[PDB]
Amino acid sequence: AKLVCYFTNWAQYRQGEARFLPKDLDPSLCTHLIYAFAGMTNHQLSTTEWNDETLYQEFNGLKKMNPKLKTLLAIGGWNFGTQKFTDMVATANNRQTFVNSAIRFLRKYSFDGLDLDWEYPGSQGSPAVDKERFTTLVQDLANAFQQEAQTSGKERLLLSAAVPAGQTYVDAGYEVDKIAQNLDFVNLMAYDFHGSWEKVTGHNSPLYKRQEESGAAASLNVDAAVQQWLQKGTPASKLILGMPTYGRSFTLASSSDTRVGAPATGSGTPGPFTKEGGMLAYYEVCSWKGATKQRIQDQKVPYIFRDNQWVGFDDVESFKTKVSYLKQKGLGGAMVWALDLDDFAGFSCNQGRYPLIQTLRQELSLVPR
């Protein structure tokens, strides 16, 4: 089993207890640690924060304490957009520039692989031609990593990708059966299914549909997303089930209707640490004073409300349920977005350090002996 965990290079800017610093990294918590994010400059892999090189040293330095640990560098992310990917994959020349830069960069900074997080080929401004060009990019990287291993005698660089759960994005961008052959593993982003972009409440990461749902909505759940990727050709052993250590929040139209599917007027109030309306870290909801926690019986996940605020999130029990699910489906492990959104310092939830991610590690039978 794998436990793949994302580090984010902006968590260092949060205030107080929520500030995530190198000391908060645990070398033995996860099997694979992925650094979010690198960017691109003139079609070449590049840093995005002023101190990334410092953090790379610490991050990859964890391997001295746990030599089994593998690290990867993720390129892209939502905020990165699509244009630089589009421009880079447009020509064989530009792809080669990128691929060669990536090998050099990963070797220089002591990463074990690259995670592709283009959001997304064929959508978010990216043209339809990018579906096949993404397939080509994945193959170009896989083949170049293979060649570099042969020539250098070094253990081959890993290639993974973070991929969407919804059919619209999947079919616009992803030749699943082709790319899965060339990726070492596939990080399924089985979250962000619902959120404050919708005008009714819905859960960030429900396991199954609700009885009331129909049409496309009936596939906006973890089980449907997993089955989608499997049926379209991903080997189960390569599919890694993403898990969110955050929730998505709404302002309710009325404090009297707190159901799933109740009318919402917009994003929930920003959290005191994460300061982004519409999401909250686990540590911002786990100890929510004067709130009422409930459960979506069909979907196997909790929500919580207080006055006109409503949040769908994941707890220890829902993580257990999801690990049982992934094991039943024979998947390759779990992935988690993100280290810094769990109660990494144990300051809020009275559950110790990393209560959610330790649940994953336990349930996957990955606790160090």
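Start at 1 and count along the sequence shown; that's the residue number. Definition used throughout: the rigid core is the maximal C-alpha set that superposes within 1.5 Å between two forms.
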query	finding
Divergent stretch in 6 other deposited structures of this protein, 77-85 or 270-278 [C-alpha RMS, superposed by the core]	77-85
Stretch with the higher entry mean CA B-factor, where the candidates are 336-344 and 23-31	23-31
Given 82-90 and 201-209, the range whose Cα B-factors average higher in the PDB entry	82-90
Top residue by Cα temperature factor, when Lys154, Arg248, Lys238, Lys293 are compared in the entry	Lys154
Residue selected from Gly268, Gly195, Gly125, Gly76 by maximal Cα B factor	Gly125
Cα B factor band for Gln147 (lowest, middle or highest third within the chain)	highest
Where the record places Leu364 (Cα B-factor, split into thirds across the chain)	middle
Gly173 - Cα temperature factor, lowest/middle/highest third of chain	middle
CA B-factor placement of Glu58, once the chain's modelled residues are sorted into thirds	middle
Among modelled residues of the same chain, the CA temperature factor third for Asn51	lowest
